[PDB]
């Protein structure tokens, strides 16, 4: 159903990884993946929802459906306790699917004693995503050679968003905040939502009504990622979900991607990862390294600026009007749960090197020419990416 699939997309970066299907041969794959589907990282939203409803209950201020909601919210509070931030069973199955399609699409690459390496951040959901992926690989071919490592040693290339002080200050106190807050006030209409659950929803101040509805949407959007057989998605109409998604999409865009208000600083910080991607591919192309694949497991905050810095079409647009962002930049197409980028390298009969870029396993476009899309000349692509890195260094230098 097109309605339900749109509602799923409106979970934004909480969307589960989309359904994908099986199907020359590459000689190397260069990968970055976000962890799979996870529990919420913060209790603040669930606590806010429960507090509003519990106060209403003590005032006899709940509708029938509001009583049902409170009952569910109390259950979720018990089921989320001790699980915050963790990879769910669905997250593991997402990684098994990505690895499985890779192996079945390119068996010769992972055959015999092929060598692979994987790295992850220190965050457990990313480590455990890497292990779900690797375990799938090893099950299919136990004769793989596998190097596995993880931790803060990879912060410079996988968690660069924590290391640049100017970006940390922008994320925490930058000029995107008043734009976001004004957009939330314009887009979010709380009274229709709160009328479902609360008697006298008009007595609530606009600010607290806004906060409650935002928190409730947050809970409903993450529940499909938890492997728990409960659902809040139907509480809301497609238009209500669309409005919520527009606000969070704008937040993600302005805080982490190519919005003009950010001056490309949120994108420029990713250049060390793009540099390391090029270096690992060049070492394999030359024969200095003989890995068949490099895998990397990290975060949406890794994937989003990395994709923008590559210049994948529709991901580095600099949209002048905040209200227009949702038309031109869609976070659920870039960084859903288990979001991943794969560079597939090919050698043709005349030994020329070609690269295909997959974003969530679909061919991605770059703003350079090729006569055989989706395959790009590696020489042309490397030169383009190196120009992106040089641009990124300049951007960082204009902001200390």
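Residue numbers count along the first chain shown, from 1.
Missing coordinates between residue 23 and residue 24 amount to 4 to 9 residues of the deposited sequence. Comparing 298-306 with 311-319, the stretch with the higher mean C-alpha B-factor in the PDB entry is 311-319. Across the two stretches, 190-198 and 153-161, the PDB entry reports the greater mean Cα temperature factor for 190-198. Within the group 181, 256, 125, 148, the record's highest C-alpha temperature factor is found at 181. Of the candidates 86, 115, 279, 78, it is 78 whose Cα B-factor is highest according to the PDB record. Compared with the other modelled residues of the chain, the Cα B-factor recorded for residue 390 ranks in the middle third.
Annotation for residue 43: CA B-factor lies in the middle third of the chain's modelled residues. Ranked within its chain, residue 67 lands in the highest third, by CA B factor from the PDB record. In the PDB entry, a CA B factor belonging to the lowest third of its chain's modelled residues is recorded for residue 121. The PDB entry assigns residue 204 a C-alpha temperature factor belonging to the highest third of its chain's modelled residues.
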